[PDB]
Amino acid sequence: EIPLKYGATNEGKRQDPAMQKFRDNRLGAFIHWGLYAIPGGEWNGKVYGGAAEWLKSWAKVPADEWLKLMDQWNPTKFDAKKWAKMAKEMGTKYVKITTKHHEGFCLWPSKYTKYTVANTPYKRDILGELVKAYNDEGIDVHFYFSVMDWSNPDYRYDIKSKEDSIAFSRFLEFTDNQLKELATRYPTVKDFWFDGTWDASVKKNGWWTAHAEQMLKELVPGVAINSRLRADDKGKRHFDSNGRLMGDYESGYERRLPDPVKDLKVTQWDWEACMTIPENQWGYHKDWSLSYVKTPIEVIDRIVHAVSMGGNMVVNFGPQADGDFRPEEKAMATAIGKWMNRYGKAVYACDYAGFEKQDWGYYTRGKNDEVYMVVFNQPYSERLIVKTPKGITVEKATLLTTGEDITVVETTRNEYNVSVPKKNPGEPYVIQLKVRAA
Ligand SMILES: COc1ccc([C@H]2[C@H](O)[C@H](O)[C@H](C)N2C)cc1
């Protein structure tokens, strides 16, 4: 036991209604929208293959020159009602929005910097319009926020001097001011998801990370705060020096997921994964031929995978400079939405089922002990193997869409074959099991 002032304080999962809502939501969208949408991965005739939102770094653009992109910020097709409708039709229950990425441009009219939507031709408070539009559709809003800020020259990557320590304190005060502004201007915010907290400077200032968490919780009753924010007294991130989770949920799975057989430890805490559609583009990149682009089924598979292991999934979108979405993202959202409309009872408010993993897909568990079999890989044998835990029996199987009864045959002591449906559903599909415990 290492004594710590800025280590974990939550033991186990929060169970207040606000955390239950965060969890039950299950499926979210991410919006990465910032000045990077304008060049879209390309600078002075060179298309950089790295993540578009990091182009300032790939092309070594000075801050002042990068931020001049504000003079081109005029997303005339932006319509916050349409964005919220796209999200609603996709079946997302929440949206995480980049309020400020590393570049330092604010999507709200901050009074603490001039690098904001207010000082662009478009002028309008994008963040505020989205908050209202999403909330009107019954969709929760979470705020992404980059502590690392390339526009503020008081930022430091490490503290090598008295002068660095003083500048960095001032940077942290600046940061607090913007955070307070976000929390008070948009009081329906449900979560703050921090990024840009990996540098030695932040790791040396764990206390500030604890403070930011407490400060926002005081301002916003029930707000969630991601693990990525947090560093303890020693500079240990996400989990403290005693191995305890800091913040309200674990937030490292990014472009990867826990192993359904080997990583069952994740079921012990809330957690949230985020993913990109291409391999590694968050902001709008104009050229998606450069890497593998996931299909809707691949995305759905990840969504179900996360829920099957007690986690949320958040699918990223990188809106165009003009304020519309690219055709690939419209198609994706529509395809996810159609699936979720049919099969979402197995996703929303579901969780880990406690069954041994089978090859046909995933199990999820509903609030009233429903066990859903979500089938992604159809056996030529036409039999879906179900091995139940000790004391559990399967009493019925039903095809979710139609209510048709599905034959269940006991094959051994703890195992059944659940038949595939008489007609191949032609897409990943759900069989709902009624189970009984001794
Ligand atoms: C490996 O270092 C990284 C990778 C991704 C990021 C950023 C991406 O730009 C995106 O916002 C992702 C969610 N974030 C962690 C930051 C540092």
Side-chain angles (χ1 to χ4, degrees), residues 27-43 48-61 63 66 69 92 94-107 126-127 130 141-151 155 157-158 175 178 182 191-203 209 224-231 237-238 246-247 249-255 257 271-288 290-291 294 299 302-303 306 311-319 321 329:
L27 172 66
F30 224 122
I31 290 293
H32 272 77
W33 206 32
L35 301 173
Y36 46 78
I38 294 164
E42 174 175 349
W43 201 254
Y48 292 79
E53 74 282 352
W54 275 77
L55 179 60
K56 177 194 183 301
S57 185
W58 319 137
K60 307 227 286 310
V61 188
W66 181 263
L69 288 171
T92 70
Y94 68 110
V95 183
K96 314 189 73 96
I97 303 170
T98 52
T99 62
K100 177 187 81 165
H101 205 267
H102 312 325
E103 55 175 14
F105 176 67
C106 300
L107 284 189
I126 295 302
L127 188 58
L130 289 173
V141 173
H142 295 189
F143 289 165
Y144 165 115
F145 182 96
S146 183
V147 172
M148 183 177 69
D149 189 327
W150 295 335
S151 74
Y155 187 69
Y157 294 89
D158 203 350
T175 299
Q178 290 191 313
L182 289 162
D191 169 79
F192 285 76
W193 196 95
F194 291 87
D195 198 359
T197 52
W198 61 74
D199 278 316
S201 58
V202 177
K203 280 156 68 52
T209 77
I225 304 290
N226 75 333
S227 61
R228 198 172 294 223
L229 167 63
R230 293 281 280 97
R237 293 185 55 236
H238 295 269
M246 290 176 294
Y249 61 95
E250 193 275 335
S251 52
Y253 281 106
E254 174 189 319
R255 307 194 303 97
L257 285 173
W271 60 279
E272 172 185 77
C274 57
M275 58 176 287
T276 51
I277 293 178
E279 171 161 21
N280 196 1
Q281 294 298 334
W282 301 85
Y284 177 84
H285 195 295
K286 64 179 72 182
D287 191 351
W288 272 17
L290 301 176
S291 71
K294 299 172 193 70
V299 174
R302 292 159 165 78
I303 291 157
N312 288 30
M313 176 60 73
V314 186
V315 178
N316 184 72
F317 292 84
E329 285 178 351

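Whatever order the structure lists them in is the order used to number ligands and atoms, beginning at 1. Scope of the values below: all heavy atoms of this structure, side chains included, with no hydrogens, waters or symmetry mates. Sequence positions, counted from 1, serve as the residue numbers for this chain.
For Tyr48, there are no ring pair (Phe, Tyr, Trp, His ring centres under 6.0 Å) partners at least two apart in sequence or on another chain. In this structure, the side chain to side chain contact (heavy atoms under 4.5 Å, CB included) partners of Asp199, at least two apart in sequence or on a different chain, are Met148, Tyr155, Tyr157, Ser201. Residues satisfying the ring pair (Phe, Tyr, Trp, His ring centres under 6.0 Å) criterion with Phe192, sequence neighbours excluded, are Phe143.
Counting heavy atoms from C-beta on, the side chains of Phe30 and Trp193 come closer than 4.5 Å.
Side-chain N/O atoms of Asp191 and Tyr249 include a donor and acceptor closer than 3.5 Å.
In this structure, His32 has its ring center at least 6.0 angstrom away from the ring center of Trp54.
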For ligand 1, which of its N or O atoms have a protein N or O partner closer than 3.5 Å, and how long is each gap?
residue  : atom   : partner : partner atom : Å
ligand 1 : 9 (O)  : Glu53   : OE2          : 2.5
ligand 1 : 9 (O)  : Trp54   : NE1          : 3.3
ligand 1 : 9 (O)  : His101  : NE2          : 3.3
ligand 1 : 11 (O) : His32   : NE2          : 2.7
ligand 1 : 11 (O) : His101  : NE2          : 2.8
ligand 1 : 11 (O) : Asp195  : OD2          : 3.4
ligand 1 : 14 (N) : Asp195  : OD2          : 2.8

